[PDB]
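Read the single chain below, which is given as structure tokens and is the form deposited without ligand NAD.
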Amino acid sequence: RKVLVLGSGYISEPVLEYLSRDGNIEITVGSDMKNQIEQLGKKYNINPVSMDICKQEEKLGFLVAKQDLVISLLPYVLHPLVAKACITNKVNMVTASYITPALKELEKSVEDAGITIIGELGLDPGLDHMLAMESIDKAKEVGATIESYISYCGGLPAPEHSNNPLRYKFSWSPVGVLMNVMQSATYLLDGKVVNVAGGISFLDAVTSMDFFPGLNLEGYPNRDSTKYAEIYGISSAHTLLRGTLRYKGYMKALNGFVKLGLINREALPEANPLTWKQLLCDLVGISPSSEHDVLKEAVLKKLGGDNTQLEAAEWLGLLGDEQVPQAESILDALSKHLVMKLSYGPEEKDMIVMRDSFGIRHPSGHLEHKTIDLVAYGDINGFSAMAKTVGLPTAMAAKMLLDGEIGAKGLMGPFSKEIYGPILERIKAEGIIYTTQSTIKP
């Protein structure tokens, strides 16, 4: 009855709250942030420990050995360090984010030690694996095969808080999501691989998502959907598509930022602090002076008179005299400013929407078109929908390892019925409900 929660804040809160319900468990918390762990310590009964994972690797080995399970809530590049500690000692692990290629190399060492390491847990990845494999196993139970798998997911504000230029509010730093617009998107469609161009042209791949008539959604494909054939075992499927959901207008606003030259990792531009008007004067290539003059330069650069994108930049204060935050690049400076202007206030709900669609060919010959809807809202005096959907699957999988319900050993995701069955059942009690519907087509 003892666990180490590496990392703190936001994702940790529901993990600590869920584990501390029974009482018979000692929560230890390791963290780099000094102020955050102190604030987290006030809410939940824990043992505060301050440590860097890379620098203080010696004390990690001794601390990890004292526990029954390590819950890593750190960035996914640092999992080889925590896995290196966990394989040496006799101790299990659970991971929120992806299982990287670096962590996949340890699978030989992990199985030899006789321990269980569960990765790919949370919303996405996580619940996407669980809902997919539930349906895929149900199809295999009756001899049926998967012909198509389309799955869209999105974390976004509740409709009442969608009235801004991006129709969005940021939970954490947008450096990743902004850079994903520059990245490509590969997916399979009707036995043909479709590569989509990132950057300026990525707006052309955006489509209207009309599965909820009342909800004004757009969609676009993720970075790589072809990998799910090997993961789920559905290489016979002619269509594999995975995408992200936003409200309509989001990608067009980011397309504005791409035109202006804001989405890049170049450094910032003598004896006076750099304001946003002065930075945009640099990009459009004029002297730092006159606000009505840069308006003419910016609107000219943002296509043939795109007033919507001009107003989006005006609303956020990109043409104003506010100071540019100190940062390593222009993209990092933009990200800090967007976090400042578009964040969730204390009484503002977020939303998690997730929509799957399966084409299932039965042995009879007919095609079942199965759909899954998962929609959750944040609680006012409680956890956000993002925190619950990311936190609870990792927290529940952790409790299942301590109780001794998961008998399997080695490195793995939540793909087996042993893992996904109990989790999907238990998240219903926490207010994460998913419905199902299917129709037959002869």
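Numbers follow the displayed sequence, beginning with 1.
Chemist: Counting the other entries of this protein, is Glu270 left out in at least a third of them?
Modeler: Yes, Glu270 lacks coordinates in at least a third of the other compared entries that model both of its neighbours.
Chemist: Note how many residues of the deposited chain are left out of the model between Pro269 and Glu270; the options are none, 1 to 3, 4 to 9, and 10 or more.
Modeler: Unmodelled stretch: 4 to 9 residues.
Chemist: What stretch has the higher average Cα B-factor here, 307-315 or 88-96?
Modeler: Higher mean C-alpha B-factor: 88-96.
Chemist: Do the C-alpha atoms of 318-326 or of 239-247 have the higher average B factor in the entry?
Modeler: Of 318-326 and 239-247, the stretch with the higher C-alpha B-factor average is 318-326.
Chemist: Looking at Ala83, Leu121, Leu156, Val258, which has the biggest Cα B factor in the entry?
Modeler: So the option with the highest C-alpha B-factor is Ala83.
Chemist: Kindly indicate the residue among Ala385, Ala395, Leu374, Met33 with the greatest C-alpha B-factor in the PDB record.
Modeler: Of the options given, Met33 has the highest CA B-factor in the PDB entry.
Chemist: Can you tell me which third, lowest, middle or highest, the CA B-factor of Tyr10 falls into for its chain?
Modeler: Answer is highest: the recorded C-alpha B-factor places it there.
Chemist: Give the position of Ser171 by CA B-factor within its chain, expressed as the lowest, middle or highest third.
Modeler: Its C-alpha B-factor, which the entry lists for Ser171, ranks in the lowest third among residues of this chain.
Chemist: Where does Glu107 sit by CA temperature factor within its chain: lowest, middle or highest third?
Modeler: It belongs to the highest third of the chain when residues are ordered by C-alpha B-factor.
Chemist: Splitting the chain's C-alpha B-factors into thirds, which one does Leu342 fall into?
Modeler: It belongs to the lowest third of the chain when residues are ordered by C-alpha B-factor.
Chemist: How does the C-alpha B factor of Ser225 compare with the rest of the chain: lowest, middle or highest third?
Modeler: CA B-factor rank for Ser225: middle third.
In what follows, reference is made to the form solved in complex with ligand NAD, a form of this protein that is not presented.
Chemist: Please name which of the stretches 318-326, 96-104, 188-196, 210-218 has residues with heavy atoms lying within 4.5 Å of ligand NAD in the bound PDB entry.
Modeler: After filtering at 4.5 Å, what remains is 96-104.
Chemist: Only one of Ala408, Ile380, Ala65, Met33 comes within 4.5 Å of ligand NAD in the bound PDB entry by heavy atoms, so just point that one out.
Modeler: Selected residue: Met33.
Chemist: Between the options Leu78, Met179, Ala113, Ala333, which residue brings a heavy atom to within 4.5 Å of ligand NAD in the bound PDB entry?
Modeler: None of the other options qualify; the answer is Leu78.
Chemist: So in the bound PDB entry, does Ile11 come within 4.5 Å of ligand NAD, heavy atom to heavy atom?
Modeler: Result yes; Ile11 sits at the interface with ligand NAD in the bound PDB entry.
Chemist: Is there a heavy atom of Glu57 no more than 4.5 Å from a heavy atom of ligand NAD in the bound PDB entry?
Modeler: No, no contact at 4.5 Å.
Chemist: Is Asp137 close enough to touch ligand NAD in the bound PDB entry, meaning at least one heavy atom pair within 4.5 Å?
Modeler: Because no heavy atom of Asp137 falls inside 4.5 Å of ligand NAD in the bound PDB entry, the answer is no.
Chemist: Even though the partner isn't displayed, in the bound PDB entry is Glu368 close enough to ligand NAD, meaning a heavy atom within 4.5 Å?
Modeler: No, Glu368 sits far enough from ligand NAD in the bound PDB entry that none of its heavy atoms falls within 4.5 Å.
Chemist: Would you say all of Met51, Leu74 and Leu123 touch ligand NAD in the bound PDB entry, counting a heavy atom within 4.5 Å as a touch?
Modeler: Every residue of the candidate spot has a heavy atom within 4.5 Å of ligand NAD in the bound PDB entry.
Chemist: Out of 291-306, which residues reach within 4.5 Å of ligand NAD in the bound PDB entry, heavy atoms considered?
Modeler: Nothing in this stretch is in contact.
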